[PDB]
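Next up: a single chain in structure tokens, the form deposited in one PDB entry.
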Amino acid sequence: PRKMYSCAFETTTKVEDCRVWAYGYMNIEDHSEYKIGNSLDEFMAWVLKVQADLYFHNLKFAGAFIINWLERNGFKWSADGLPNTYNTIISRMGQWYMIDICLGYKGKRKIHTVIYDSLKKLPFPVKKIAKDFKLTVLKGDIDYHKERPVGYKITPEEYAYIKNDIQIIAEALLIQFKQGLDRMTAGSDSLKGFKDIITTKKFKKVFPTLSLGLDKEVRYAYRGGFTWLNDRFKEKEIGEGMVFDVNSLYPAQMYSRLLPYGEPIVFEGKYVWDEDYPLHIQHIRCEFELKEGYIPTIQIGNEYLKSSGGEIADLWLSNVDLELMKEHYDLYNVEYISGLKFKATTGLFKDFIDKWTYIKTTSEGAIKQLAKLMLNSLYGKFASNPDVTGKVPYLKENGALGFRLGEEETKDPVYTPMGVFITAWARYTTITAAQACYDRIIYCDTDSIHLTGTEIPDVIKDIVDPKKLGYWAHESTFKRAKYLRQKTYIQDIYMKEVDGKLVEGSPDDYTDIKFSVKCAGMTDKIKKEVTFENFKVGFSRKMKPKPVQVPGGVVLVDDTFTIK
């Protein structure tokens, strides 16, 4: 069958002169077959002849260079696999999955080279993959901005970095493929594995294909994690506190919660209790005002709302979310419009989760990471959007890539109600624990609650455990902290030296402090600049790479990052 290669480019960083200055490829099955060179023309000649499957890490980047070349070297876009054309899978939202370059046919053979994104398989930076998969990695980075003219001679040091980059991804992908995880994406692998375990026969019976109209209604109720900063603590210096984190939040909901299956039944007005269809999604219009003493749960944000402010809220809510809302808010002018009710059961994920949890628990390094990936990448596939209308590349007048929305396309839904309820139960888990600890609650993010003080609250003692699925682990304790916004905080965390290594400590048992920085969108280089003294709204650094399409490819231009 087809050979597989791990590939990379190094590129120049001038908007007026953007080009590949190095390429590397390495056979994923035979890491001894590899080549590094300084010509995209040379690389692409190989691409056209190799009739293989190629992988770049973060194809959205390298892919720009490839398409720029194709468009200048006699290839046009086609969905239909015509000779001397290329097809793509680029989503509406700009996720890159595939470039398929068609040469035509020779004798019986379809001649093509397919290029995939290894980031879809291994959703971490290369450096993190090497660390977690226990693979050899060289310290440091290439000097990105060094002056490199056309034909620039690659140094031994640059060559070694490029070889290491492609070999890390080759090693990681080979391990993944040897486990049987050889579909296009981590989520696709997870879903296939789940079907293997429950059987396709059962899957089809219990997760029937919903009409596009019904799927759209269900999807209105699909929301993600609960992330919230208590205004009481916004931009304030905090003393001691502690963090609890659920042990495997989403798998825990899948393992034990009542979850929907089967063909829904539509109803008008307000849901009437049906023990046989005990879960529902309710379309409701209302105004609302948060009750004193309660955490807000309605996001229409980023922020969770205290009030509808005279704008009528038009919501589709799972019963889990609806009951939270009714408890946390006073509701006014309520109109129950319509909804959908579902059969439900526990246990649909037991065997899958048991299998991969065992592998996780009994394995190390690479295989352990893959078990985590299988467990973590399943729920999201249930709410896959049946609208798969994509984006088509083209060369703009200036010679840079532009993208147009392509032809309308739909596919079958998977089973969106399952996604709606998995995330609803996850939110319920976190919101209810935070609410129980209302007097001390600082911040929530998805599976974690942060409290003032250092003693475990009595009200959650019985649901705290360092390891047990779905319980809250006491993750850390801090000496001081500062929270500016959602996903934007720092902590001085108590640590202790054990066996010559630093691990989480406590106020009564610490040796040192770990200074921890969390800020969404902040790069690691910018994180190095942060201190307790300078961490405030208005903190700014012109150090955030932003991708710009230019003639030849993409330049990552350093842009201003500001805490707003």
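Throughout, we count residues from 1 along the sequence that is shown. Only the largest set of C-alpha atoms that superpose within 1.5 Å between the two forms is called the rigid core.
Unmodelled deposited residues between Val266 and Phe267: none, per the record. The PDB entry records a higher mean C-alpha B factor for 457-465 than for its counterpart among 457-465 and 172-180. Looking at 332-340 and 301-309 together, the entry lists the larger mean B-factor for 301-309, computed on C-alpha atoms.
Among all modelled residues in its chain, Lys525 ranks in the highest third by Cα B-factor. Sort the chain's modelled residues by C-alpha temperature factor and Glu240 lands in the lowest third, per the entry. Ranked within its chain, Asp512 lands in the lowest third, by CA B factor from the PDB record. Ranked against the other modelled residues of its chain, the C-alpha B-factor of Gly213 as given in the entry falls in the highest third. The deposited CA B-factor of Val503 belongs to the highest third of values across its chain.
A second form of this protein, the form solved in complex with a small molecule, is not displayed here; the remarks below concern that form.
Put simply, of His283, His112, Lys343, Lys360 only one has a heavy atom within 4.5 Å of the small molecule in the bound PDB entry, and it is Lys360. Site annotation in the bound PDB entry: the residue of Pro386, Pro251, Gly187, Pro393 reaching within 4.5 Å of the small molecule with a heavy atom is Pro251. Within 4.5 Å of the small molecule in the bound PDB entry, a heavy atom is found for not a single one of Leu229, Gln299 and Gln486. With the partner omitted here, the stretch from 373-381, 313-321, 81-89, 403-411 that lies within 4.5 Å of the small molecule by heavy atoms in the bound PDB entry is 373-381. Remark: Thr429 does not count among the residues lining the small molecule in the bound PDB entry, judged by a heavy atom distance of 4.5 Å or less. Using a 4.5 angstroms threshold between heavy atoms, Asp245 counts as touching the small molecule in the bound PDB entry. Taking the partner from elsewhere, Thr446 is found to have a heavy atom lying within 4.5 Å of the small molecule in the bound PDB entry. Candidate set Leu138, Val206, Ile456, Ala436; criterion, C-alpha shift of 2 Å or more between this form and the one not shown after rigid-core fit; matching residue, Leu138. Superposition on the rigid core between this form and the one not shown places the CA atom of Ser506 less than 2 Å from its counterpart. Comparing the forms between this form and the one not shown on their rigid core, the Cα displacement of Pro149 reaches 2 Å or more. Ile238 is not among the residues whose C-alpha shifts by 2 Å or more between this form and the one not shown once the rigid core is aligned; its shift stays under 2 Å. Here's the thing about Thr361 and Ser516: their CA atoms end up at least 3 Å closer in the bound PDB entry than they are in this form.
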